[PDB]
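Down below is the structure, laid out as structure tokens.
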Amino acid sequence: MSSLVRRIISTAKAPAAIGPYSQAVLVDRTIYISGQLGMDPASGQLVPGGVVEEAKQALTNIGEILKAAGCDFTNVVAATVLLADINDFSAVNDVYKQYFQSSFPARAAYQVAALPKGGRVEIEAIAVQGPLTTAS
Amino acid sequence: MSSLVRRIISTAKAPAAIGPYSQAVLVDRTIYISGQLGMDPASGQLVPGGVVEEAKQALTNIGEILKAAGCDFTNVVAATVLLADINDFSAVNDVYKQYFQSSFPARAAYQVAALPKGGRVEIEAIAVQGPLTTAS
Amino acid sequence: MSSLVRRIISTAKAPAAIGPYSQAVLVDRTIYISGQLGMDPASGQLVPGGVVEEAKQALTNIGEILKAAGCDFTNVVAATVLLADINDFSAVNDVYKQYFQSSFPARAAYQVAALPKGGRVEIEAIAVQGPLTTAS
Amino acid sequence: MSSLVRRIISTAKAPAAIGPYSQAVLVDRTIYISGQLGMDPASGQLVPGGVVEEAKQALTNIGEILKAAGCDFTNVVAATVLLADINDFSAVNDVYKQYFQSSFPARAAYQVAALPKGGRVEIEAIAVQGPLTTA
Amino acid sequence: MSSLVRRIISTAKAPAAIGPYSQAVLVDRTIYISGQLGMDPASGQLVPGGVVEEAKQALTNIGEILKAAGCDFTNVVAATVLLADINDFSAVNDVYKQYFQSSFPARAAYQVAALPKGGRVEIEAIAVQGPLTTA
Amino acid sequence: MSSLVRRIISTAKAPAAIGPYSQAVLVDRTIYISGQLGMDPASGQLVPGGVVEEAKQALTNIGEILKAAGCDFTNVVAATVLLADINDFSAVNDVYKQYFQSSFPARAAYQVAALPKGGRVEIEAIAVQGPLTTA
Ligand code: NA
Ligand code: NA
Ligand code: NA
Ligand code: NA
Ligand code: NA
Ligand code: NA
């Protein structure tokens with residue numbers, strides 16, 4: 001059988017993945033991105049200001065991991081939005097909509113019991129390395 | 001590198017995906033389907049009657065998104081069943097078993113803190129566009 | 001279009017998947033593995049001793065499903081660690097790190113409201129059938 | 001391993017087989033096209049007029065086989081031009097150029113000792129089913 | 001990019017190489033088979049009896065190369081029949097038909113000026129490793 | 001279906017086209033290389049010295065086309081050696097061996113009636129872009 005490419009993604013522009021995981025793994029053409037919190041890459045802790053500020057930082061973190069893999073937000077095909085409070089969905093969704101223009105990823109959003117670091121939002125994503133011919 | 005196909009799936013037979021997400025995204029041969037609640041496509045709200053009725057509607061919604069992608073339930077390879085109450089697993093599983101006959105998807109099922117719309121069940125799925133040669 | 005391979009994975013060395021799901025599904029080159037609890041394959045119930053003992057059993061279960069698919073832990077590309085208590089993350093992570101040496105999977109870890117069987121940890125994984133050429 | 005598509009291409013718009021071969025075989029996305037003489041599709045006989053008329057008919061036949069496989073001449077990636085007479089090279093090149101207007105295929109062209117039915121030219125091709133990317 | 005499988009196919013059931021070539025090369029799923037003369041595998045000499053016997057032996061040799069690559073004649077998608085004498089066309093066609101019983105490959109068949117060792121026929125082939133889909 | 005890469009390979013390090021063909025076509029990962037005569041790349045004329053010198057130049061030209069496509073001779077999977085004179089077989093084999101040092105391609109080699117420009121040898125090839133796996 002063919003030997004498929006696997007690339008470990010690492011960038012200093014996003015919180016370091018310490019311990020036995022990677023920021024993202026590209027395998028064949030699919031990139032599995034680890035869930036990102038609203039963590040500042042240089043502080044090792046949550047940015048202040050609550051769920052809206054954390055959502056902006058989380059998506060900035062995802063964007064920097066995508067860039068390191070040669071992609072941008074147009075390559076995302078599926079995402080999961082995990083919340084500490086379901087009532088924060090609308091506010092987080094108003095941040096999320098700023099990162100996508102069309103051909104939107106599949107998505108699930110729901111409230112979990114707790115996230116690491118006391119986070120109020122965590123975003124996971126799957127992307128596919130381009131080029132991609134988008135039909136509809 | 002080759003340009004892989006990406007298709008955005010949209011059908012009126014399932015609740016519309018309003019905002020920055022799609023009902024499903026087909027990319028290469030893999031379809032990522034957004035989590036479906038027991039929402040009536042024409043009412044914009046949960047069907048009445050509780051978790052069993054919602055589970056039937058959620059799976060009907062998934063079925064209509066699959067059809068729009070040229071698939072049926074035999075193309076599903078992985079699913080996630082999210083519950084408002086773990087004790088509803090058996091009742092939801094008795095609905096779920098009606099949609100699959102053999103070569104069953106991988107699955108995870110667990111209780112979350114809250115789903116959108118006050119839902120009691122949400123189902124996510126991954127499918128692969130056929131033809132598929134099923135070995136075992 | 002080409003007919004892609006789908007294989008249903010079943011091994012007696014891991015808890016049987018009773019009902020309408022499979023331990024894992026291999027489709028093309030990607031293996032979707034059902035979430036595994038710290039369940040003893042021969043008892044049908046959780047191993048005693050708490051979250052650390054359950055985490056060891058869960059990962060042993062994943063390992064036996066991988067073996068049945070012709071893989072080992074080096075083929076895992078993404079994993080999810082679901083917890084009954086976020087404060088158990090460090091203890092579970094000290095077990096998890098024993099199964100991986102390098103080129104670590106993408107990962108998400110968080111606390112859910114409840115797992116089946118009263119479990120304190122559940123691990124889901126995605127693997128890709130080898131050979132894999134790991135770049136970095 | 002996956003099961004790859006293999007399809008026999010057959011159209012009555014190209015000449016019937018005069019031996020144990022298919023007009024073309026599509027396998028995965030590559031189409032191997034049998035050598036075409038300048039035979040009229042309805043009668044199976046070589047068209048009159050010599051190498052120029054036979055070359056036009058052979059390429060017309062290839063075109064109908066490509067069309068049956070959902071392709072046109074832009075899908076051809078390689079071709080072989082077998083001549084009964086190397087002095088016909090310039091004449092056949094001028095015919096050939098009119099069918100392959102862009103993304104010219106790779107090619108080999110030379111004289112053999114004899115072609116079936118006394119043909120003056122026979123043309124083989126390899127195509128790849130689209131879509132293909134552009135420069 | 002992915003690393004594609006490339007394997008040299010070699011079997012003692014087919015004649016040893018008399019030059020700098022492999023019996024066949026498998027790359028991804030396509031198998032390019034070298035031109036086969038009607039040589040006996042054990043001795044490397046052309047079998048007696050002329051074009052009919054040489055054609056049978058050449059096709060038998062192709063069959064053993066296919067078998068070594070996990071294939072049979074149904075995996076062949078394209079072939080080339082090189083003749084020393086175009087008048088042998090009907091005789092070679094009748095031999096060839098007995099090996100290719102279904103899904104007939106694409107083909108080109110014609111006379112060249114000379115084959116190695118004075119062979120009267122040489123046959124090349126391209127195959128695709130299965131599984132392949134059916135009509 | 002996916003859009004497969006198709007690229008015309010063209011380098012001034014190999015001779016300019018003297019007809020309606022590209023030096024090579026890359027499609028997906030397979031490279032079809034046009035027949036190369038022993039023509040000098042700068043002048044387009046056959047090198048003096050007969051079949052041995054022409055064979056070296058033809059293979060040098062193939063090498064430059066492979067290099068333009070990010071390949072070398074180890075990527076070649078199949079080749080065809082067309083001779084004006086079958087008695088040159090041993091001489092051409094000795095030249096050919098010096099370029100293909102490992103993983104020898106599949107091959108067909110025989111005499112045709114005439115080559116363009118009065119060439120004594122013409123060589124075609126098929127390559128697959130790497131990476132390829134090893135034994
Ligand atoms: Na959503
Ligand atoms: Na809070
Ligand atoms: Na389950
Ligand atoms: Na309720
Ligand atoms: Na993690
Ligand atoms: Na507990």
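Letters A, B, ... go to the chains of the structure tokens in the order shown; residues in each chain start at 1; ligands are counted from 1 in the same order.
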
Polymer residues at most 9 Å from residue 22 in chain C, only C-alpha atoms, same-chain spacing of 4 or more positions, as a list in words =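 In the requested form, the answer reads residues 103, 104, 105, 106 and 107 of chain B; 8, 9, 10, 16, 17, 18, 33 and 34 of chain C.
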
* Asked: DSSP on the backbone: what in chain D comes out strand (DSSP E), as number ranges by chain?
  -> D: 6-9, 24-27, 30-37, 76-83, 106-111, 121-128

If the cut-off is 9 Å, can you tell me the residues of chain F near chain A, counting only C-alpha atoms? I'd like them as a PDB file with N, CA, C and O atoms, in the first residue's frame.
```pdb
ATOM      1  N   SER F   2     -12.371  14.658  -8.555  1.00  0.00           N
ATOM      2  CA  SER F   2     -11.278  15.589  -8.328  1.00  0.00           C
ATOM      3  C   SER F   2     -10.696  16.063  -9.660  1.00  0.00           C
ATOM      4  O   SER F   2     -10.763  15.366 -10.678  1.00  0.00           O
ATOM      5  N   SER F   3     -10.093  17.249  -9.634  1.00  0.00           N
ATOM      6  CA  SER F   3      -9.365  17.769 -10.792  1.00  0.00           C
ATOM      7  C   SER F   3      -7.901  17.346 -10.668  1.00  0.00           C
ATOM      8  O   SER F   3      -7.192  17.781  -9.754  1.00  0.00           O
ATOM      9  N   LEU F 132       8.660   7.354  -4.619  1.00  0.00           N
ATOM     10  CA  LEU F 132       8.301   5.951  -4.792  1.00  0.00           C
ATOM     11  C   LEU F 132       8.902   5.114  -3.672  1.00  0.00           C
ATOM     12  O   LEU F 132       9.973   5.438  -3.163  1.00  0.00           O
ATOM     13  N   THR F 133       8.215   4.031  -3.298  1.00  0.00           N
ATOM     14  CA  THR F 133       8.716   3.149  -2.243  1.00  0.00           C
ATOM     15  C   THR F 133       9.872   2.284  -2.743  1.00  0.00           C
ATOM     16  O   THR F 133      10.063   2.091  -3.936  1.00  0.00           O
TER      17      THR F 133
END
```

* Do me a favour and pick out the residues of chain C within 12 Å of chain A, using only C-alpha atoms, as a ChimeraX atom specification. => /C:28-30,74-90,92-115,125-136

Original post:
Which residue out of F:15, F:41, F:70, F:118 has the minimum interatomic distance to chain D when only C-alpha atoms are used?
Top reply: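 The answer is F:118, which sits nearest to chain D.
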
Item to complete: Do me a favour and pick out the residues of chain D within 7 Å of chain E, using only C-alpha atoms, as a ChimeraX atom specification.
Response: /D:2-8,19-25,32-35,112-116

- request: Measure the distance from CA of residue 14 in chain E to CA of residue 61 in chain E in Å and round it to one decimal.
  value: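 It comes out at 5.2 Å.
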
**Report entry** 10 Å contact set for residue 50 in chain B, only C-alpha atoms, chain neighbours under 5 positions out, as a ChimeraX atom specification
**Finding:** /B:38,55,119-121

Store the residues picked out above, limited to C-alpha atoms, as an mmCIF file, in the first residue's frame.
```cif
data_model
loop_
_atom_site.group_PDB
_atom_site.id
_atom_site.type_symbol
_atom_site.label_atom_id
_atom_site.label_comp_id
_atom_site.auth_asym_id
_atom_site.auth_seq_id
_atom_site.Cartn_x
_atom_site.Cartn_y
_atom_site.Cartn_z
ATOM 1 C CA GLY B 38 -35.271 17.018 17.151
ATOM 2 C CA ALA B 55 -34.707 11.314 18.536
ATOM 3 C CA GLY B 119 -32.886 19.747 23.173
ATOM 4 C CA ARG B 120 -32.788 16.372 24.904
ATOM 5 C CA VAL B 121 -30.795 14.591 22.147
#
```

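CA of residue 45 in chain E sits 27.4 Å away from CA of residue 120 in chain F.
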
Computed gap from CA of residue 91 in chain C to CA of residue 46 in chain C is 17.7 Å

From the DSSP assignment of the backbone, select every residue of chain D that is alpha helix (DSSP H), and format the answer as JSON, numbers by chain.
{"D": [51, 52, 53, 54, 55, 56, 57, 58, 59, 60, 61, 62, 63, 64, 65, 66, 67, 68, 89, 90, 91, 92, 93, 94, 95, 96, 97, 98, 99]}

For N, CA, C and O atoms, I'd like the residues from the last selection saved as a short mmCIF file (atom, residue, chain, number, x, y, z; two decimals), in the first residue's frame.
```cif
data_model
loop_
_atom_site.label_atom_id
_atom_site.label_comp_id
_atom_site.auth_asym_id
_atom_site.auth_seq_id
_atom_site.Cartn_x
_atom_site.Cartn_y
_atom_site.Cartn_z
N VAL D 51 -3.20 8.85 -47.61
CA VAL D 51 -2.81 9.03 -46.21
C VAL D 51 -3.51 10.22 -45.57
O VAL D 51 -3.85 10.18 -44.38
N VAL D 52 -3.73 11.30 -46.32
CA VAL D 52 -4.35 12.49 -45.74
C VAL D 52 -5.79 12.19 -45.33
O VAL D 52 -6.23 12.48 -44.21
N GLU D 53 -6.55 11.56 -46.24
CA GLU D 53 -7.94 11.23 -45.92
C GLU D 53 -8.01 10.17 -44.82
O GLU D 53 -8.86 10.26 -43.93
N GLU D 54 -7.11 9.18 -44.86
CA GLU D 54 -7.10 8.17 -43.81
C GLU D 54 -6.76 8.77 -42.43
O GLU D 54 -7.33 8.38 -41.41
N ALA D 55 -5.85 9.75 -42.40
CA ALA D 55 -5.48 10.37 -41.13
C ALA D 55 -6.66 11.15 -40.55
O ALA D 55 -6.94 11.08 -39.34
N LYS D 56 -7.36 11.90 -41.39
CA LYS D 56 -8.55 12.60 -40.93
C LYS D 56 -9.58 11.62 -40.37
O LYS D 56 -10.15 11.84 -39.30
N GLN D 57 -9.83 10.53 -41.10
CA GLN D 57 -10.82 9.58 -40.61
C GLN D 57 -10.37 8.91 -39.31
O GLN D 57 -11.19 8.69 -38.39
N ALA D 58 -9.08 8.56 -39.20
CA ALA D 58 -8.59 7.92 -37.98
C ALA D 58 -8.78 8.83 -36.77
O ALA D 58 -9.21 8.39 -35.69
N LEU D 59 -8.46 10.11 -36.93
CA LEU D 59 -8.61 11.07 -35.84
C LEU D 59 -10.08 11.35 -35.54
O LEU D 59 -10.47 11.48 -34.37
N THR D 60 -10.92 11.41 -36.57
CA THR D 60 -12.36 11.50 -36.33
C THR D 60 -12.84 10.31 -35.49
O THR D 60 -13.63 10.47 -34.55
N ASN D 61 -12.37 9.09 -35.82
CA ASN D 61 -12.75 7.92 -35.04
C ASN D 61 -12.30 8.03 -33.58
O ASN D 61 -13.06 7.75 -32.66
N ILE D 62 -11.06 8.46 -33.36
CA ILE D 62 -10.58 8.69 -31.98
C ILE D 62 -11.50 9.69 -31.27
O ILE D 62 -11.86 9.51 -30.09
N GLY D 63 -11.89 10.75 -31.98
CA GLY D 63 -12.77 11.74 -31.37
C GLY D 63 -14.10 11.17 -30.91
O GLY D 63 -14.60 11.53 -29.85
N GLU D 64 -14.66 10.22 -31.68
CA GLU D 64 -15.94 9.64 -31.28
C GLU D 64 -15.77 8.70 -30.10
O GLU D 64 -16.64 8.64 -29.22
N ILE D 65 -14.63 8.02 -30.03
CA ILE D 65 -14.34 7.17 -28.88
C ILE D 65 -14.15 8.02 -27.63
O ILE D 65 -14.69 7.70 -26.56
N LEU D 66 -13.42 9.14 -27.75
CA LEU D 66 -13.28 10.07 -26.63
C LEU D 66 -14.64 10.58 -26.18
O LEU D 66 -14.94 10.62 -24.99
N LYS D 67 -15.49 10.98 -27.14
CA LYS D 67 -16.80 11.50 -26.77
C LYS D 67 -17.61 10.46 -26.01
O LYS D 67 -18.29 10.80 -25.03
N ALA D 68 -17.52 9.19 -26.41
CA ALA D 68 -18.24 8.13 -25.72
C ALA D 68 -17.79 7.98 -24.27
O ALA D 68 -18.57 7.56 -23.41
N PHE D 89 5.21 12.40 -43.42
CA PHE D 89 5.28 13.00 -42.09
C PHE D 89 4.68 14.40 -42.06
O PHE D 89 3.86 14.71 -41.19
N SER D 90 5.11 15.28 -42.98
CA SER D 90 4.61 16.65 -42.97
C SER D 90 3.10 16.68 -43.24
O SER D 90 2.37 17.43 -42.58
N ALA D 91 2.63 15.86 -44.18
CA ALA D 91 1.20 15.87 -44.50
C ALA D 91 0.37 15.42 -43.31
O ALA D 91 -0.68 16.01 -43.02
N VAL D 92 0.83 14.38 -42.60
CA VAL D 92 0.07 13.89 -41.46
C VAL D 92 0.13 14.87 -40.30
O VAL D 92 -0.86 15.07 -39.59
N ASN D 93 1.29 15.49 -40.09
CA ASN D 93 1.41 16.52 -39.06
C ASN D 93 0.40 17.64 -39.27
O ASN D 93 -0.19 18.14 -38.30
N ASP D 94 0.18 18.07 -40.52
CA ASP D 94 -0.75 19.16 -40.75
C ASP D 94 -2.19 18.75 -40.44
O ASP D 94 -2.95 19.55 -39.90
N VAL D 95 -2.57 17.51 -40.77
CA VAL D 95 -3.88 17.01 -40.36
C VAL D 95 -3.97 16.94 -38.85
O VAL D 95 -4.94 17.40 -38.24
N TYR D 96 -2.97 16.32 -38.23
CA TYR D 96 -2.99 16.07 -36.79
C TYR D 96 -3.14 17.36 -36.01
O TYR D 96 -3.91 17.42 -35.05
N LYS D 97 -2.43 18.41 -36.44
CA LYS D 97 -2.48 19.70 -35.75
C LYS D 97 -3.90 20.25 -35.65
O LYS D 97 -4.22 20.95 -34.68
N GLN D 98 -4.77 19.95 -36.63
CA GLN D 98 -6.10 20.52 -36.62
C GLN D 98 -7.00 19.93 -35.53
O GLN D 98 -8.01 20.54 -35.19
N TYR D 99 -6.64 18.76 -34.99
CA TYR D 99 -7.46 18.12 -33.96
C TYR D 99 -6.97 18.45 -32.57
O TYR D 99 -7.77 18.49 -31.62
#
```

Taking 4 positions as the minimum chain separation for residues in the same chain, which residues sit within 7 Å of residue 39 in chain A when counting only C-alpha atoms? Answer as a compact mmCIF listing (two decimals) with C-alpha atoms, in the first residue's frame.
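Output below, filename out-v4.txt:
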```
# COMPACT_ATOMS: atom_id res chain seq x y z
CA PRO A 15 -0.26 28.01 22.73
CA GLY A 44 -0.01 30.26 29.29
CA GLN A 45 -3.36 31.37 30.73
CA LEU A 46 -6.77 32.57 29.59
CA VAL A 47 -7.01 36.10 28.21
CA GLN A 57 -8.29 34.32 21.12
CA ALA A 58 -9.32 30.71 20.45
```

Q.
For residue 64 in chain B, find every residue with an atom within 10 Å (counting only C-alpha atoms), except residues of its own chain fewer than 2 positions away, and show them as a PyMOL selection string.
A. chain B and resi 10-15+59-62+66-72
